[PDB]
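Next up is one chain by itself, shown in structure tokens, the form deposited in one PDB entry.
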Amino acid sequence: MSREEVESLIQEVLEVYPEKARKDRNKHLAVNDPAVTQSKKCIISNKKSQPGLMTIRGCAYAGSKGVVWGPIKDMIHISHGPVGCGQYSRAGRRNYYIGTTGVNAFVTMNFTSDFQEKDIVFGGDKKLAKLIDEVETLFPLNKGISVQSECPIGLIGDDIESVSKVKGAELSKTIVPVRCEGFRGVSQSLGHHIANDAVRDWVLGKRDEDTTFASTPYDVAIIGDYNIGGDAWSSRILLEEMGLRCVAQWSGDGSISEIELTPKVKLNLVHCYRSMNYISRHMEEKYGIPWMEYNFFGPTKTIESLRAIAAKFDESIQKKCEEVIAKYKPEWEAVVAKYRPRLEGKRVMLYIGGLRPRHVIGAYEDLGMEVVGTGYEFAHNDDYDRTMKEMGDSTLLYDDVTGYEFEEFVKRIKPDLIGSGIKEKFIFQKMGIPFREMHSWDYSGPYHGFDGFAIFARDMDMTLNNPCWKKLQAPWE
């Protein structure tokens, strides 16, 4: 609990590693100091994983196809390469959308080149052109094609950019080549960056000279919300009850058309800084569009973000913001009154990818819960700068934590709840600790906004206080 105790725990956990691994992993574990701004003096992140240590990180293809491009519903996304990458990522992410799957929406579908040995030895550019022709024949209502490279594409010297250029020119279709090979970078973060660069270079400038879109002073675009279980809709209904017009959604339930309309908006509301800060900065430097970070996890963050957003517009939007806050106050007050006495004082350990380890702390604290440990798979040092002030003093911070490290930290700290991915869920469930999926919301949600807060409180109470956690020990043992 104390800082010295946490440091000693870190040292004894590191004791098992060989010299090089221990030296490297020592720089990725820290005891939180909320008064520290530059986390580079405290923690190190965005480095390569130690070999053979059960890392939880995904690849660049996961960060590009699985995160940024996949949620776009009217576009068809080709996993270029062998079958595995597309098969394991099909429908695993709950980026919710409205559409007719197979006809005008294709999110849950798995399009792939299905590389065989001949495609490795002789290349697959001809196969990619033939595949684009087949996609055009069989899915006429698609509004664009993206080609997400898997690991072999870069290694075998394939030129997807030339094929994309030729096929786009021939069919007048937006074909976006993405060099998101899994071996690139260290994690999904470089996948985010590559996907953002692809968006900038192939989609975002499509309507630069188009002036047929009637713009209003209240034009905003939601960036970095991938509609996990409907989160983006729960945020959008709040933003539009405030008198704003959400022109675009990036990219959950997102269409290519509204991505092309994003340069016309007045403000860019960035939810996931990690995955879309590149495109937000590009839009600021090109179109002069300001962008601001907002948090809709829990009533406190939701109200603070709504007021911050309304302060960017005229007083009418501020009045509507006050109206929305007054309208939703009884609902989340009733949710808190019901569920906080059931969750007050319960300690939570989080390990999610790049934004939620710090973004969901406010929602947990709204129910009396305390976050004692947080960590990221692939965050950068700016994310830790934002995280340090959010966490309490002497709490644990982990970057690219290993399975062994996470297990030992959980065994020592003994949290009441753990929020992490599917690869930790059953490990910690067999240990007797209630677990919540903080990626897929345990197939529940949404968690954004006030309705999302109601669902979140219900889920936290139902899992933390479930009777099954009092039954792991046999009465005769």
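Superpose the two forms; the largest set of C-alphas matching within 1.5 Å is the rigid core. When you see a residue number, it is the position in the sequence shown, counting from 1.
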Problem - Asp451 dropped in a third or more of the other entries - result: no
Exercise for the section: Indicate yes or no: is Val371 absent from the model in at least a third of the other PDB entries of this protein that were compared? Expected result: no
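What comes next is about the form deposited in another entry, which does not appear here.
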Handout entry: Per-residue C-alpha change between this form and the one not shown, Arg436, threshold 2 Å, rigid core fit
Key = yes
Handout entry: Relative Cα spacing, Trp441 and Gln148, in the other entry - shift of 3 Å or more
Key = closer
Practice task
Quick one: in the other entry, is the Cα gap between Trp441 and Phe456 smaller or bigger than here? Answer closer or farther; it shifts by 3 Å or more.
Solution key: farther
